[PDB]
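First, one chain by itself in structure tokens, the form deposited in one PDB entry.
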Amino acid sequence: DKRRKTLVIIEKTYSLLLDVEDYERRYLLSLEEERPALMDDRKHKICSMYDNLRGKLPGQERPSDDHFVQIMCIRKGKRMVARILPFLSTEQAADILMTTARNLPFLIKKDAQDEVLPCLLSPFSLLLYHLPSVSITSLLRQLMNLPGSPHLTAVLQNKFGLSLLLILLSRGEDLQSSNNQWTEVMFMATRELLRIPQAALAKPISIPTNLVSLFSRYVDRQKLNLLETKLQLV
């Protein structure tokens, strides 16, 4: 089975990760003459890392999600990606987040025994603050464009999935409080949060404080209370 091959790729890539994580130490203890070389090496190893996750073979204009998905179904794989994220450019990191969203229900299924998906919440949250509104909207659009739509049961019932959804909504709120397209996905989201039975909802890792303010824009008082109770909102 390839799962053996995947574990190999994980070990290969994880080794690069430890090197890049050790970089500041080496640079700090280096002679000036060595620094140019240290910097080039760092660059190529970060490229290599991204390529092992999201590289594409000849004849394809977009990478296959295969390799990324395979890695993300493995305990150490998810923890590795969490630690690679901070080293990637914003554009590379957003790709990883969009790919995660596109494949989220399957990744959730494959995380049922390990439950390590939450290790990605922190780096994704840091990333979200660096992303514009078009991006925030596109990610939410992808989450609502999965099998079962417009029902998001698998996501809402998952600690990481719910938390991630709440972080996205929160950041979207920020950006709008600075268009209508954002308003459309917001309506869908509140509808879905309103539908899901409270007993089914996962316990969110964190609850953004601006959520109440966000929901007020699209929903009346009676329903607002529902959400607040449902999500133990602040």
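Quick note: we count residues from 1 along the sequence shown, nothing fancier. Here the rigid core means the biggest group of C-alpha atoms that line up within 1.5 Å when the two forms are laid on top of each other. Only residues modelled in both forms are compared.
What follows is about the form deposited in another entry, which we do not show.
Relative to the superposed core, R221 shifts its CA atom by less than 2 Å between this form and the one not shown. After superposition on the rigid core, the Cα of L28 moves by 2 Å or more between this form and the one not shown. In this overlay on the rigid core, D40 has a C-alpha that sits 2 Å or more away from its partner position between this form and the one not shown. Compared with the form shown here, the Cα atoms of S89 and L31 sit 3 Å or more closer together in that other deposited form. Three angstroms is the minimum change: in that other deposited form, the CA atoms of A37 and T90 sit closer than in this structure, by 3 Å or more.
Superposition on the rigid core leaves 24 to 41, 146 to 149, 179 to 181 as the runs of at least three consecutive shared residues whose Cα positions differ by 2 Å or more between this form and the one not shown.
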